[PDB]
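Step one of this worksheet: look at the structure below.
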Amino acid sequence: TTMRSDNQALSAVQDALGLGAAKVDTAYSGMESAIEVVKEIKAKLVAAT
Amino acid sequence: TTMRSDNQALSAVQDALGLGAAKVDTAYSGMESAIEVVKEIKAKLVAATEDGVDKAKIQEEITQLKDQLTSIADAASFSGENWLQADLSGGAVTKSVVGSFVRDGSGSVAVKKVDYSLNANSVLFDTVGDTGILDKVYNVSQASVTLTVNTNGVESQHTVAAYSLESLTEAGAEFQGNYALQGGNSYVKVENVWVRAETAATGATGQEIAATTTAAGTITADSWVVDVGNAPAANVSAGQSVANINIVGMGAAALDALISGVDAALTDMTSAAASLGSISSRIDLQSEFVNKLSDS
Amino acid sequence: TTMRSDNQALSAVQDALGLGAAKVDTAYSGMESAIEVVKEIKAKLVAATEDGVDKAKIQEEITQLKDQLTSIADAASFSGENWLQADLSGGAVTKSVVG
Amino acid sequence: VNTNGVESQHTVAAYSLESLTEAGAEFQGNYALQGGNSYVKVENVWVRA
Amino acid sequence: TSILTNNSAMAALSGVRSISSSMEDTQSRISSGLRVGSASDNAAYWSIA
Amino acid sequence: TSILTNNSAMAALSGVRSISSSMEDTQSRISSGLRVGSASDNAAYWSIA
Amino acid sequence: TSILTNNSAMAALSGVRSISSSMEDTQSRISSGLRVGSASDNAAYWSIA
Amino acid sequence: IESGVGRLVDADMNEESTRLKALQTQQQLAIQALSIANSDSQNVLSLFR
Amino acid sequence: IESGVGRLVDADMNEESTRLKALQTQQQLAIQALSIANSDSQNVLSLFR
Amino acid sequence: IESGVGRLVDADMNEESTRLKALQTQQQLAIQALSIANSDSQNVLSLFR
Amino acid sequence: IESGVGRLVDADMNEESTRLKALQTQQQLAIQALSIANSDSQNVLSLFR
């Protein structure tokens, strides 16, 4: 019975892990977009020097 | 036993909804054909604007297209309820589709229906009155709006000038609800456009009351009625209707008026087609929901 | 004898529980339909927030969807006790299922 | 809006023109005087002044 | 087991009908392009088009 | 699912008919030139030509 | 294997879209010269030109 | 204007192809599940020999 | 967002298939045991005859 | 004259193919139902034995 | 610099193709073995009947 309760807890942890992975993926995509935009800004400014 | 009776009623409603969906599909196909023909007519008229192009050949072109439009209007029927070419003698013909069977909480039973209006913008060649979306003249002026108002219990369409809200608020007007007072002139917000209105008891025809006011500092307390008069600055009407197009030596101004009227008719017909598509979508959703309810 | 009477009462409670479960299932199906329709309404409106889109078409679509919501609300009734479109003049009404 | 010679960014709630005109609001140019409160138009929206 | 009703069967039928409707829609989409249907999709964009 | 009717097939048939008509028109157009090739085209331009 | 989502399919779609955009850009470049686009490239050099 | 209409109306074919494959597979699974549900019913006969 | 919804909502159908087979086997065992339990009560008739 | 004869006589083979597939499916259904109707008459034998 | 980036970043596609084929074969084997492992649990039914 205790092991079954632990298994249920690990299933809940798996769901939480999936949610966190989705959050991290979204944040990383946003970070990549921001990095690309800032690289473009730097290129434009060094052109404008 | 009661639930089985309700399930049988729901099955009957589902069959009626299928029939209505078939009718809507047929009517909408006719509407699409009318859209295509009207677009072709407008393109031909635009090409006719050139003075060097002979107008007779285009004349039989539009004659053939008008006959095609009449064939579209009369042929597009499913079971006698074609949803087009309705009789506008009363001007308020309404057709309905059995939507759902509803049993009220207080031991009552009723049948719900979805209504569709064919008043003046989705009728497609009114049979008797000849006042339909086609075979009627459209007013063409820059700063006016065509408003429908009921007088003595019968509705009518009147063309009156329209005034922008920005000009009203720039001139220093005092507003109240849907009523405005710029000074010696008064305005009422019957629709999205503001229009000059008469105080009261001027027409003496029992016209619909546009708005009611109160003291509000310097506002007269009266029941205001939209001014049936107050013609626009340049009152220009289409020379001929869509079903009576005749371009033999009309002239430039008549051609422009005809083009504007054709475009207005096309816009109204497109709005009617969009409404028909929305009705079809609602029928589909209602059928799916009725199926779910019957399963439950 | 007392336990037999209690068993009969429990059988009646089981029948009532089945009836209540059917009522709740019907209400929940109608509730999902209403949620989907409202989501469609919100999508249409956020599409229409642009000024380049004629608002009459959106207005008529929203009118149709509101009629659909009204029909769903008044039709999702199992046995009169529909758990929807109640009377809130009193302030609060509580529906009970025999547990 | 620049309080002084230097510009700055400010956030202020916006009020729809219909809400003002419904409650009997006097207007003059870009001014609204619905009640005790006074509203003005900055570019396209009416805000409290 | 109830011999007169099969609620799992009704659920399967509902799923099949939903998949069939979506499939018919996507066949129309793949056979005639038109991301926006004849008029049964969002009417405003169809009218603009 | 009905084995007596196929709405998707009917829509595909109408689409195929439209493509066939347009392709035949363009095939005549490419074979013979003459954007206004017959009276079935713009009659006024045909008469002027 | 999830039957309702295919993350590899979305990644492939994103790659295809990027390649298509780059191909259209380079096609314009190879068809009308103009290393600097109409104005969608670096604005300053286009203005000077 | 024609490009604008195309942007507003056209659909990318790859995504529709992915949807078509997914819906075909979902239909196959739904039909198999419905067959299993139908075959579930007649197992009760073993009690009545 | 769609990928996150998929990972949070979709199910890896392989273990559902395994569970379906396991429940079919369990139901078959249960029906057999129920038939045996129904039949075994007839043994008492031997004494009274 | 030959074009008119072809228009009056020839058949748009696509809908004939659709009808051929539909009739194949209908025949399969009819054969299955006919076999079921043949088989169902043997149920009466249980009573007399 | 571009050559160095390509050398550090690009992948020799031939071995990726080989891995793709190998993983397809491994997935086929895994699916077959999983089907066998799902099916083999039904053997117990013989004893009880």
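Ligands are numbered from 1 in the order shown, residues from 1 within each chain, and chains are lettered A, B, ... in the order they appear in the structure tokens.
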
Would you write out chain F as a PDB file with N, CA and C atoms, in the first residue's frame, after superposing it on chain E by least squares over all in-order Cα pairs?
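Generated file (result.pdb):
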ATOM      1  N   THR F   1     -23.570  -5.481 -16.242  1.00  0.00           N
ATOM      2  CA  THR F   1     -23.510  -5.448 -17.698  1.00  0.00           C
ATOM      3  C   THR F   1     -24.910  -5.490 -18.298  1.00  0.00           C
ATOM      4  N   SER F   2     -25.211  -4.519 -19.155  1.00  0.00           N
ATOM      5  CA  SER F   2     -26.511  -4.403 -19.799  1.00  0.00           C
ATOM      6  C   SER F   2     -26.355  -4.595 -21.300  1.00  0.00           C
ATOM      7  N   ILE F   3     -27.170  -5.486 -21.872  1.00  0.00           N
ATOM      8  CA  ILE F   3     -27.131  -5.714 -23.315  1.00  0.00           C
ATOM      9  C   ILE F   3     -27.973  -4.715 -24.089  1.00  0.00           C
ATOM     10  N   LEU F   4     -28.713  -3.848 -23.399  1.00  0.00           N
ATOM     11  CA  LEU F   4     -29.543  -2.850 -24.056  1.00  0.00           C
ATOM     12  C   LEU F   4     -28.817  -1.534 -24.296  1.00  0.00           C
ATOM     13  N   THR F   5     -27.774  -1.242 -23.522  1.00  0.00           N
ATOM     14  CA  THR F   5     -27.009  -0.013 -23.667  1.00  0.00           C
ATOM     15  C   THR F   5     -25.522  -0.329 -23.674  1.00  0.00           C
ATOM     16  N   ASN F   6     -24.754   0.532 -24.340  1.00  0.00           N
ATOM     17  CA  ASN F   6     -23.300   0.393 -24.414  1.00  0.00           C
ATOM     18  C   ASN F   6     -22.705   1.797 -24.384  1.00  0.00           C
ATOM     19  N   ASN F   7     -22.337   2.261 -23.187  1.00  0.00           N
ATOM     20  CA  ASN F   7     -21.809   3.615 -23.045  1.00  0.00           C
ATOM     21  C   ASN F   7     -20.496   3.782 -23.797  1.00  0.00           C
ATOM     22  N   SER F   8     -19.625   2.772 -23.738  1.00  0.00           N
ATOM     23  CA  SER F   8     -18.360   2.846 -24.461  1.00  0.00           C
ATOM     24  C   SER F   8     -18.593   2.940 -25.963  1.00  0.00           C
ATOM     25  N   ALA F   9     -19.548   2.165 -26.482  1.00  0.00           N
ATOM     26  CA  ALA F   9     -19.868   2.240 -27.903  1.00  0.00           C
ATOM     27  C   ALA F   9     -20.410   3.614 -28.273  1.00  0.00           C
ATOM     28  N   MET F  10     -21.231   4.205 -27.403  1.00  0.00           N
ATOM     29  CA  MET F  10     -21.776   5.530 -27.679  1.00  0.00           C
ATOM     30  C   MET F  10     -20.680   6.591 -27.698  1.00  0.00           C
ATOM     31  N   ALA F  11     -19.751   6.524 -26.741  1.00  0.00           N
ATOM     32  CA  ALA F  11     -18.629   7.456 -26.740  1.00  0.00           C
ATOM     33  C   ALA F  11     -17.765   7.271 -27.980  1.00  0.00           C
ATOM     34  N   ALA F  12     -17.533   6.018 -28.376  1.00  0.00           N
ATOM     35  CA  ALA F  12     -16.787   5.755 -29.600  1.00  0.00           C
ATOM     36  C   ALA F  12     -17.516   6.309 -30.816  1.00  0.00           C
ATOM     37  N   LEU F  13     -18.846   6.204 -30.831  1.00  0.00           N
ATOM     38  CA  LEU F  13     -19.631   6.745 -31.934  1.00  0.00           C
ATOM     39  C   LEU F  13     -19.488   8.258 -32.025  1.00  0.00           C
ATOM     40  N   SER F  14     -19.574   8.947 -30.885  1.00  0.00           N
ATOM     41  CA  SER F  14     -19.389  10.395 -30.892  1.00  0.00           C
ATOM     42  C   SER F  14     -17.985  10.772 -31.349  1.00  0.00           C
ATOM     43  N   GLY F  15     -16.973  10.040 -30.880  1.00  0.00           N
ATOM     44  CA  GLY F  15     -15.620  10.296 -31.339  1.00  0.00           C
ATOM     45  C   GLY F  15     -15.465  10.086 -32.832  1.00  0.00           C
ATOM     46  N   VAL F  16     -16.047   9.005 -33.358  1.00  0.00           N
ATOM     47  CA  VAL F  16     -15.977   8.724 -34.789  1.00  0.00           C
ATOM     48  C   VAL F  16     -16.650   9.835 -35.578  1.00  0.00           C
ATOM     49  N   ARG F  17     -17.781  10.335 -35.081  1.00  0.00           N
ATOM     50  CA  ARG F  17     -18.456  11.442 -35.750  1.00  0.00           C
ATOM     51  C   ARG F  17     -17.567  12.678 -35.792  1.00  0.00           C
ATOM     52  N   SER F  18     -16.901  12.982 -34.673  1.00  0.00           N
ATOM     53  CA  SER F  18     -16.009  14.139 -34.647  1.00  0.00           C
ATOM     54  C   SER F  18     -14.849  13.975 -35.625  1.00  0.00           C
ATOM     55  N   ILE F  19     -14.229  12.789 -35.646  1.00  0.00           N
ATOM     56  CA  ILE F  19     -13.135  12.542 -36.585  1.00  0.00           C
ATOM     57  C   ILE F  19     -13.625  12.641 -38.021  1.00  0.00           C
ATOM     58  N   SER F  20     -14.822  12.125 -38.303  1.00  0.00           N
ATOM     59  CA  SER F  20     -15.347  12.185 -39.661  1.00  0.00           C
ATOM     60  C   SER F  20     -15.583  13.623 -40.101  1.00  0.00           C
ATOM     61  N   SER F  21     -16.156  14.449 -39.223  1.00  0.00           N
ATOM     62  CA  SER F  21     -16.381  15.849 -39.571  1.00  0.00           C
ATOM     63  C   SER F  21     -15.061  16.573 -39.813  1.00  0.00           C
ATOM     64  N   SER F  22     -14.091  16.379 -38.914  1.00  0.00           N
ATOM     65  CA  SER F  22     -12.799  17.039 -39.079  1.00  0.00           C
ATOM     66  C   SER F  22     -12.096  16.564 -40.346  1.00  0.00           C
ATOM     67  N   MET F  23     -12.187  15.266 -40.643  1.00  0.00           N
ATOM     68  CA  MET F  23     -11.541  14.725 -41.830  1.00  0.00           C
ATOM     69  C   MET F  23     -12.192  15.244 -43.100  1.00  0.00           C
ATOM     70  N   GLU F  24     -13.520  15.375 -43.107  1.00  0.00           N
ATOM     71  CA  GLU F  24     -14.189  15.943 -44.273  1.00  0.00           C
ATOM     72  C   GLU F  24     -13.784  17.398 -44.478  1.00  0.00           C
ATOM     73  N   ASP F  25     -13.688  18.161 -43.386  1.00  0.00           N
ATOM     74  CA  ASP F  25     -13.241  19.547 -43.498  1.00  0.00           C
ATOM     75  C   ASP F  25     -11.827  19.620 -44.064  1.00  0.00           C
ATOM     76  N   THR F  26     -10.915  18.803 -43.529  1.00  0.00           N
ATOM     77  CA  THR F  26      -9.540  18.813 -44.021  1.00  0.00           C
ATOM     78  C   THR F  26      -9.446  18.287 -45.447  1.00  0.00           C
ATOM     79  N   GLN F  27     -10.332  17.368 -45.834  1.00  0.00           N
ATOM     80  CA  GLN F  27     -10.338  16.865 -47.201  1.00  0.00           C
ATOM     81  C   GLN F  27     -10.753  17.949 -48.181  1.00  0.00           C
ATOM     82  N   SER F  28     -11.791  18.718 -47.842  1.00  0.00           N
ATOM     83  CA  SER F  28     -12.137  19.867 -48.674  1.00  0.00           C
ATOM     84  C   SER F  28     -10.991  20.871 -48.710  1.00  0.00           C
ATOM     85  N   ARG F  29     -10.348  21.086 -47.559  1.00  0.00           N
ATOM     86  CA  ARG F  29      -9.243  22.034 -47.475  1.00  0.00           C
ATOM     87  C   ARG F  29      -8.093  21.631 -48.388  1.00  0.00           C
ATOM     88  N   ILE F  30      -7.753  20.344 -48.404  1.00  0.00           N
ATOM     89  CA  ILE F  30      -6.639  19.877 -49.218  1.00  0.00           C
ATOM     90  C   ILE F  30      -7.036  19.784 -50.686  1.00  0.00           C
ATOM     91  N   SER F  31      -8.312  19.517 -50.974  1.00  0.00           N
ATOM     92  CA  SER F  31      -8.757  19.429 -52.359  1.00  0.00           C
ATOM     93  C   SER F  31      -8.736  20.794 -53.031  1.00  0.00           C
ATOM     94  N   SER F  32      -9.256  21.819 -52.356  1.00  0.00           N
ATOM     95  CA  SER F  32      -9.480  23.104 -53.004  1.00  0.00           C
ATOM     96  C   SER F  32      -8.622  24.230 -52.442  1.00  0.00           C
ATOM     97  N   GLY F  33      -7.716  23.946 -51.511  1.00  0.00           N
ATOM     98  CA  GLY F  33      -7.043  25.041 -50.828  1.00  0.00           C
ATOM     99  C   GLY F  33      -8.056  25.879 -50.074  1.00  0.00           C
ATOM    100  N   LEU F  34      -7.905  27.203 -50.154  1.00  0.00           N
ATOM    101  CA  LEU F  34      -8.912  28.141 -49.651  1.00  0.00           C
ATOM    102  C   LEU F  34      -9.208  27.891 -48.168  1.00  0.00           C
ATOM    103  N   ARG F  35      -8.210  28.215 -47.335  1.00  0.00           N
ATOM    104  CA  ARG F  35      -8.377  28.063 -45.892  1.00  0.00           C
ATOM    105  C   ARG F  35      -9.664  28.725 -45.417  1.00  0.00           C
ATOM    106  N   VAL F  36      -9.983  29.893 -45.962  1.00  0.00           N
ATOM    107  CA  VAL F  36     -11.318  30.473 -45.844  1.00  0.00           C
ATOM    108  C   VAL F  36     -12.033  30.171 -47.162  1.00  0.00           C
ATOM    109  N   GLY F  37     -12.694  29.016 -47.202  1.00  0.00           N
ATOM    110  CA  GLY F  37     -13.286  28.527 -48.432  1.00  0.00           C
ATOM    111  C   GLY F  37     -14.734  28.911 -48.641  1.00  0.00           C
ATOM    112  N   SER F  38     -15.445  29.201 -47.555  1.00  0.00           N
ATOM    113  CA  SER F  38     -16.859  29.526 -47.639  1.00  0.00           C
ATOM    114  C   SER F  38     -17.233  30.427 -46.472  1.00  0.00           C
ATOM    115  N   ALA F  39     -18.482  30.899 -46.487  1.00  0.00           N
ATOM    116  CA  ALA F  39     -18.980  31.717 -45.389  1.00  0.00           C
ATOM    117  C   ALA F  39     -19.089  30.935 -44.089  1.00  0.00           C
ATOM    118  N   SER F  40     -19.118  29.601 -44.157  1.00  0.00           N
ATOM    119  CA  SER F  40     -19.075  28.794 -42.943  1.00  0.00           C
ATOM    120  C   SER F  40     -17.766  28.974 -42.188  1.00  0.00           C
ATOM    121  N   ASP F  41     -16.716  29.423 -42.869  1.00  0.00           N
ATOM    122  CA  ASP F  41     -15.466  29.805 -42.227  1.00  0.00           C
ATOM    123  C   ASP F  41     -15.623  31.211 -41.652  1.00  0.00           C
ATOM    124  N   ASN F  42     -14.506  31.844 -41.296  1.00  0.00           N
ATOM    125  CA  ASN F  42     -14.544  33.211 -40.786  1.00  0.00           C
ATOM    126  C   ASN F  42     -15.213  34.133 -41.797  1.00  0.00           C
ATOM    127  N   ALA F  43     -16.396  34.643 -41.446  1.00  0.00           N
ATOM    128  CA  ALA F  43     -17.201  35.397 -42.401  1.00  0.00           C
ATOM    129  C   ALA F  43     -16.533  36.708 -42.794  1.00  0.00           C
ATOM    130  N   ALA F  44     -15.908  37.394 -41.833  1.00  0.00           N
ATOM    131  CA  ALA F  44     -15.291  38.681 -42.131  1.00  0.00           C
ATOM    132  C   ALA F  44     -14.173  38.537 -43.155  1.00  0.00           C
ATOM    133  N   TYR F  45     -13.313  37.531 -42.982  1.00  0.00           N
ATOM    134  CA  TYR F  45     -12.228  37.321 -43.933  1.00  0.00           C
ATOM    135  C   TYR F  45     -12.763  36.909 -45.297  1.00  0.00           C
ATOM    136  N   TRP F  46     -13.834  36.113 -45.323  1.00  0.00           N
ATOM    137  CA  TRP F  46     -14.448  35.738 -46.593  1.00  0.00           C
ATOM    138  C   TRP F  46     -14.978  36.965 -47.327  1.00  0.00           C
ATOM    139  N   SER F  47     -15.655  37.858 -46.600  1.00  0.00           N
ATOM    140  CA  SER F  47     -16.177  39.075 -47.213  1.00  0.00           C
ATOM    141  C   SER F  47     -15.051  39.973 -47.708  1.00  0.00           C
ATOM    142  N   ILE F  48     -13.981  40.101 -46.918  1.00  0.00           N
ATOM    143  CA  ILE F  48     -12.839  40.906 -47.346  1.00  0.00           C
ATOM    144  C   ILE F  48     -12.222  40.322 -48.608  1.00  0.00           C
ATOM    145  N   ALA F  49     -12.073  38.996 -48.657  1.00  0.00           N
ATOM    146  CA  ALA F  49     -11.506  38.358 -49.839  1.00  0.00           C
ATOM    147  C   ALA F  49     -12.383  38.588 -51.061  1.00  0.00           C
TER     148      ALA F  49
END

Quick check for you: according to DSSP on this backbone, which residues of range 63-292 of chain B are classed as strand (DSSP E)? Reply as a VMD selection string. chain B and resid 94 to 104 108 to 117 144 to 151 154 to 161 174 to 176 179 to 181 186 to 188 195 to 198 211 to 212 223 to 226

Those residues with C-alpha atoms, as a PDB file, in the first residue's frame please?
ATOM      1  CA  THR B  94     -39.722  35.534 -41.655  1.00  0.00           C
ATOM      2  CA  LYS B  95     -38.736  31.892 -42.140  1.00  0.00           C
ATOM      3  CA  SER B  96     -37.731  29.531 -39.345  1.00  0.00           C
ATOM      4  CA  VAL B  97     -35.992  26.188 -38.851  1.00  0.00           C
ATOM      5  CA  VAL B  98     -36.953  23.806 -36.045  1.00  0.00           C
ATOM      6  CA  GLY B  99     -33.975  24.091 -33.720  1.00  0.00           C
ATOM      7  CA  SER B 100     -34.578  22.126 -30.529  1.00  0.00           C
ATOM      8  CA  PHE B 101     -37.288  20.563 -28.378  1.00  0.00           C
ATOM      9  CA  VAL B 102     -37.345  22.182 -24.931  1.00  0.00           C
ATOM     10  CA  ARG B 103     -39.371  21.003 -21.937  1.00  0.00           C
ATOM     11  CA  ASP B 104     -39.900  23.813 -19.444  1.00  0.00           C
ATOM     12  CA  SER B 108     -44.488  22.680 -20.195  1.00  0.00           C
ATOM     13  CA  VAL B 109     -43.315  21.585 -23.643  1.00  0.00           C
ATOM     14  CA  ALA B 110     -42.374  23.803 -26.576  1.00  0.00           C
ATOM     15  CA  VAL B 111     -40.423  23.749 -29.835  1.00  0.00           C
ATOM     16  CA  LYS B 112     -37.660  26.283 -30.452  1.00  0.00           C
ATOM     17  CA  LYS B 113     -36.968  27.664 -33.921  1.00  0.00           C
ATOM     18  CA  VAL B 114     -34.134  29.635 -35.518  1.00  0.00           C
ATOM     19  CA  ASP B 115     -35.391  32.701 -37.382  1.00  0.00           C
ATOM     20  CA  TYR B 116     -34.058  34.192 -40.615  1.00  0.00           C
ATOM     21  CA  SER B 117     -35.111  37.599 -41.933  1.00  0.00           C
ATOM     22  CA  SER B 144     -25.960  60.197 -46.241  1.00  0.00           C
ATOM     23  CA  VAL B 145     -27.351  57.003 -44.731  1.00  0.00           C
ATOM     24  CA  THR B 146     -30.399  54.978 -45.780  1.00  0.00           C
ATOM     25  CA  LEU B 147     -32.490  54.444 -42.640  1.00  0.00           C
ATOM     26  CA  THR B 148     -35.695  52.440 -42.235  1.00  0.00           C
ATOM     27  CA  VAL B 149     -38.414  53.988 -40.053  1.00  0.00           C
ATOM     28  CA  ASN B 150     -41.974  52.780 -39.482  1.00  0.00           C
ATOM     29  CA  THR B 151     -44.727  55.363 -39.979  1.00  0.00           C
ATOM     30  CA  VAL B 154     -45.807  50.498 -42.068  1.00  0.00           C
ATOM     31  CA  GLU B 155     -42.051  50.672 -42.595  1.00  0.00           C
ATOM     32  CA  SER B 156     -40.258  52.635 -45.302  1.00  0.00           C
ATOM     33  CA  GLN B 157     -36.708  53.512 -46.327  1.00  0.00           C
ATOM     34  CA  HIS B 158     -35.649  57.170 -46.381  1.00  0.00           C
ATOM     35  CA  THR B 159     -32.312  58.691 -47.388  1.00  0.00           C
ATOM     36  CA  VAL B 160     -31.087  61.354 -44.956  1.00  0.00           C
ATOM     37  CA  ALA B 161     -27.738  63.060 -44.450  1.00  0.00           C
ATOM     38  CA  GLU B 174     -23.675  68.805 -25.628  1.00  0.00           C
ATOM     39  CA  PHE B 175     -24.602  65.118 -25.644  1.00  0.00           C
ATOM     40  CA  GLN B 176     -27.043  63.038 -23.617  1.00  0.00           C
ATOM     41  CA  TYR B 179     -29.171  62.631 -28.248  1.00  0.00           C
ATOM     42  CA  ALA B 180     -26.997  65.628 -29.101  1.00  0.00           C
ATOM     43  CA  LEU B 181     -27.431  69.403 -29.159  1.00  0.00           C
ATOM     44  CA  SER B 186     -30.476  68.700 -32.636  1.00  0.00           C
ATOM     45  CA  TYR B 187     -29.223  65.206 -33.446  1.00  0.00           C
ATOM     46  CA  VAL B 188     -30.225  61.680 -32.434  1.00  0.00           C
ATOM     47  CA  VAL B 195     -28.625  62.415 -37.935  1.00  0.00           C
ATOM     48  CA  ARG B 196     -30.523  65.674 -37.475  1.00  0.00           C
ATOM     49  CA  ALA B 197     -33.914  65.230 -35.817  1.00  0.00           C
ATOM     50  CA  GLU B 198     -37.180  67.132 -35.479  1.00  0.00           C
ATOM     51  CA  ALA B 211     -34.925  59.196 -28.199  1.00  0.00           C
ATOM     52  CA  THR B 212     -36.237  60.894 -25.069  1.00  0.00           C
ATOM     53  CA  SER B 223     -39.598  63.002 -27.306  1.00  0.00           C
ATOM     54  CA  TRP B 224     -37.430  63.467 -30.388  1.00  0.00           C
ATOM     55  CA  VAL B 225     -38.099  61.915 -33.796  1.00  0.00           C
ATOM     56  CA  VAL B 226     -35.597  61.462 -36.620  1.00  0.00           C
TER      57      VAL B 226
END

Would you please extract all alpha helix (DSSP H) residues from chain J, as assigned by DSSP on the backbone, and give them as a ChimeraX atom specification? /J:2-9,13-39,45-48

For the interface of range 3-48 of chain I with range 25-37 of chain A (cut-off 12 Å, counting only C-alpha atoms), please tabulate each contacting residue of range 3-48 of chain I alongside its nearest pair of atoms and their separation in Å to one decimal, rows sorted by chain and increasing number, as CSV.
residue,atom,partner,partner_atom,distance
I:3,CA,A:25,CA,9.4
I:4,CA,A:25,CA,8.5
I:5,CA,A:26,CA,11.8
I:7,CA,A:25,CA,11.7

Which residues, written as a PyMOL selection string, have at least one atom at most 12 Å from residue 48 in chain C, with only C-alpha atoms counted and residues fewer than 2 positions away on the same chain left out? (chain C and resi 41-46+50-59+61-62) or (chain E and resi 42-45)

So that each row is one residue of chain B with an atom at most 7 Å from chain D, can you give its shortest atom pair and the distance in Å to one decimal, using only C-alpha atoms, rows by chain and rising number, as a Markdown table?
| residue | atom | partner | partner_atom | distance |
| --- | --- | --- | --- | --- |
| B:169 | CA | D:27 | CA | 5.8 |
| B:170 | CA | D:29 | CA | 4.2 |
| B:171 | CA | D:28 | CA | 6.7 |
| B:172 | CA | D:28 | CA | 4.1 |
| B:173 | CA | D:27 | CA | 5.7 |
| B:174 | CA | D:26 | CA | 4.4 |
| B:175 | CA | D:24 | CA | 5.3 |
| B:176 | CA | D:24 | CA | 3.9 |
| B:177 | CA | D:22 | CA | 4.2 |
| B:178 | CA | D:22 | CA | 7.0 |
